[PDB]
Structures are given as structure tokens and as C-alpha cells.
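Engineer:
Residue numbers (PDB author numbering), protein chains in the order written: chain A, 23 to 54; chain A', 162 to 171, 174 to 184, 189 to 214. A prime marks a further copy of an entry chain.
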């Protein structure tokens, strides 16, 4: 009277990346 | 100061250039764009 058969569908996952840049703007003329 | 013009008896034109904060887009709307500004009217005493 026991049950036997086991199986399954998916397999998900995660991951990340780290970065550090140095940028610069400049007091651009507030013009037309 | 070496010439002072009589900013007086001038009364909707006096403080009328200031009004630009129009047609000429080449006066970046003073406000809105948050731009600095100089004042053009200074006080003084006379005799």
C-alpha cells in the first residue's frame, strides 16, 4: 500500500555584481 | 557708483525688466531654472 515515485520540474537561481566608478560633471553654462 | 540714474518717476516699467523670471528666450527664465541674479536698485541718502 505505499507510494513510490518522485520527480520534479524547475531549478531557479540568483547572483549579483558590484562596481564602483568615478565620474564628473562640470558647472556647465546654464544657457540657451 | 559714479553715475546714478533716477530710478523714480519711471511705475510699471521701473520694476519691469525684473519681470523676466517672455518673447526673448535668451534670458533663461531666471526662476524655474533656479538662476542667480544681481539687483539693479541700490539705496542711498541725499541732501
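Beta carbons: idealized from backbone N, C-alpha and C, even for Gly.
Rounded to whole angstroms, what's the CA-CA distance from residue 29 of chain A to residue 35 of chain A? Just pull it up for me.
Structural biologist: Roughly 19 Å separates the two Cα atoms.
Engineer: Please tell me whether residue 195 of chain A' and residue 42 of chain A are closer than 8 Å, where the distance is taken between their beta carbons.
Structural biologist: No; because the gap between Cβ atoms is not below 8 Å, this pair is not in contact.
Engineer: Which of the three DSSP states is assigned to residue 178 of chain A' in this structure?
Structural biologist: Note: residue 178 of chain A' maps to helix in three-state DSSP.
Engineer: Taking C-beta to C-beta, are residue 179 of chain A' and residue 208 of chain A' nearer than 8 Å?
Structural biologist: Not in contact: residue 179 of chain A' and residue 208 of chain A' (Cβ atoms no closer than 8 Å).
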